[PDB]
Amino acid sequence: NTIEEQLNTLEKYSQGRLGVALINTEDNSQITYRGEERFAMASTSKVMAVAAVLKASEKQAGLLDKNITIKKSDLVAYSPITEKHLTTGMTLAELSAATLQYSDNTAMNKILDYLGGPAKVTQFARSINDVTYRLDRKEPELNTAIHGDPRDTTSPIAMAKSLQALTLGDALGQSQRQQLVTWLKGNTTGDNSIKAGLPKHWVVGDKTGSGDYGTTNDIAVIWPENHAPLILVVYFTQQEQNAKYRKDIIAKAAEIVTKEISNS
């Protein structure tokens, strides 16, 4: 179709590899581009990890309030929130909020430690029928995004379906799915990604991703004006290891796939 050709054209313009998956809950339809191809998730991988914690809190009251100690040896690159809590520590709820809204990397690692490792997140993904998601490493290693390397990757459609299941679906309990939605709506890093390609009055809950090879990602749940929610995943990666990020590509992809929706 037209959207199809527009995304192909956008990819040519980008000079990289673009992946898109849009699920429209109004008519349960999906628009995809390289929807089944694997892309390095970078920080977008954090959503599944937090969801695993939320799921665990369903059978263990007060789990989110469990305080976790943060050691100086735990600190990795870019940990804006965690580095300020070496003495007080942080609860699993605070760690989840920090990793999602600021993309705090130590927070992700602490969550992984609690769960039992990256493999445990992959296991959670399988528990919600996501057979594509795979987390193999922690931060910062999971960001290598080497071409032809399967580690820490997933597909646009797989992540779109999982995000839908975790927020609007039944993968998590009501209190938990709402908590996830609330954390996402408060993200501080997505102003220039998916949000930048949507009407200013639409409500968005997103989680960005940035890695080697100029990997630029963003996944989100969108609440358009008087319209059922949408789930959108946009992954983008480039040829050279030191490529610069291209959020402009994400913004345009979002505009292209939601244009028709915003016009009616």
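All residue numbers are counted from 1 along the displayed sequence.
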{"item": "137-145 set against 67-75, stretch whose average Cα temperature factor tops the other in the entry", "value": "67-75"}
{"item": "Mean Cα B-factor comparison, 236-244 or 15-23, giving the higher one as deposited", "value": "236-244"}
{"item": "Residue with highest C-alpha B-factor in the PDB entry, from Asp206, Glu58, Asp212, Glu37", "value": "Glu58"}
{"item": "From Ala42, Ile31, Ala52, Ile231, residue of greatest CA B-factor", "value": "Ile31"}
{"item": "CA B-factor placement of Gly190, once the chain's modelled residues are sorted into thirds", "value": "lowest"}
{"item": "Cα B factor band for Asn109 (lowest, middle or highest third within the chain)", "value": "lowest"}
{"item": "Ranked C-alpha temperature factor of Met159 among modelled chain residues, by third", "value": "lowest"}
{"item": "Ranked against its chain, the third holding the CA B-factor of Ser175", "value": "middle"}
{"item": "Ranked against its chain, the third holding the CA B-factor of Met90", "value": "highest"}
